[PDB]
């Protein structure tokens, strides 16, 4: 639409697109921060809407906001949560470091929509005010960190943790199914003493189980909310019960264990909970990178690599493309951790103003890890299968089973056999027969890989 609606603030008049619900502050931000393409993610927009919905409810309970306005604001917020207003949030990540401009974006959109819900219009004549009504009892300084933690905790609980549990279950099933398949070990990339494919996969399972615990340990701190600290942490001008009531209301409407932060100065001056929680996510990235690499190396071939397992072929030579997407996003999480650490280390005095960047990286890492585990699970892990003949060919051509001979012929003769096999390019069996130290039936009876794995 070309038509505009004129709005005015202390700097003068500014035109806003007539078909949009935002106002003068959003327009000024969008015009002054034309930096790259990254915007607030939907998860954060929704968390801001939840925050305003909870504040409106508490302000009504406390007699500070009328029933008619509070109900209209909550209904507008529910429309945002239902996906009806995604194009009303145009602002860049690369904005004011407190997130003030996105706070005001939500205030303006909810106020103008609430006005319409009460039979009014958008703009200067609206029936609901962005600051006096939608932002009542609030500061950008406590709202934005609250929305950051709401988005982070819900994404961890609802997306990442369920996908981690699902992938863990799949690999545990595979570990049990392949518990009796002996294969060659590899240490330093060199052939080593055997273990079962089930045992090797059980290591991946144990990694994912440990990662789940580390992530779970990070959740209580992310559940602490800044809301009620207002501008500098003192809560100046708020009702004494407001901070607890709004955390309680957020806990009710999200079904997640939000609590008010015990120290609002820590809550405003730092992003420490997210620095710590992201530490657990970069741990998960290091574990997934290792699992993904084992899978693609074990499946390498079809003739000039390892080839011990097969994986689903999802494209019409076929490459381990799910493993590649996963290893790439694991690198991304490691970079994101550095950006988060720099922002988290850079607070000054009463406020950390690196917040849009910190939450952009944090929520990206959660999407990448959650969706990457989901994709790797359904398009790779559920279909891993052993190549039993290839596994046995490698085991039987290795030199590593020679220790099974020690109890029968002694260490010196076993070592002589292995040295001859290596020097002359023979199997252990062929070298042993060539020296006359045993018969083929003896070799087959004594060299039992299933007895060498514990």
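Residue numbers count along the first chain shown, from 1.
J.: What size is the break between residue 316 and residue 317 in terms of deposited sequence residues left without coordinates: none, 1 to 3, 4 to 9, or 10 or more?
T.: Missing in between: 4 to 9 residues.
J.: Test of understanding: from the entry's C-alpha B-factors, which stretch has the higher mean, 67-75 or 176-184?
T.: Higher mean C-alpha B-factor: 67-75.
J.: Of the two stretches 233-241 and 275-283, which shows the higher Cα B-factor on average in the entry?
T.: Taking the mean C-alpha B-factor of 233-241 and of 275-283, the larger value falls to 233-241.
J.: By the entry's C-alpha temperature factors, tell me which of 320, 119, 203, 356 sits highest.
T.: The listed residue with the largest C-alpha B-factor is 119.
J.: Looking at the C-alpha B-factor values in the deposited entry, which of 401, 417, 49, 391 comes out highest?
T.: Answer, based on the entry's C-alpha B-factors: 401.
J.: Sorting the chain's CA B-factors, does residue 53 end up in the lowest, middle or highest third?
T.: Within its chain, residue 53 is a middle-third residue by C-alpha B-factor, going by the deposited values.
J.: By its CA B factor, does residue 39 count among the lowest, middle or highest third of the modelled residues in the chain?
T.: Within its chain, residue 39 is a lowest-third residue by C-alpha B-factor, going by the deposited values.
J.: Is residue 214 in the lowest, middle or highest third of its chain when residues are ranked by C-alpha B-factor?
T.: Lowest third - that is where residue 214 ends up once the chain's C-alpha B-factors are sorted.
J.: Based on the deposited C-alpha B factors for this chain, I'd like to know if residue 113 is in the lowest, middle or highest third.
T.: Highest third of the chain for residue 113's C-alpha B-factor.
J.: Once the chain's modelled residues are ordered by C-alpha B factor and cut into thirds, is residue 332 in the lowest, middle or highest one?
T.: Lowest third of the chain for residue 332's C-alpha B-factor.
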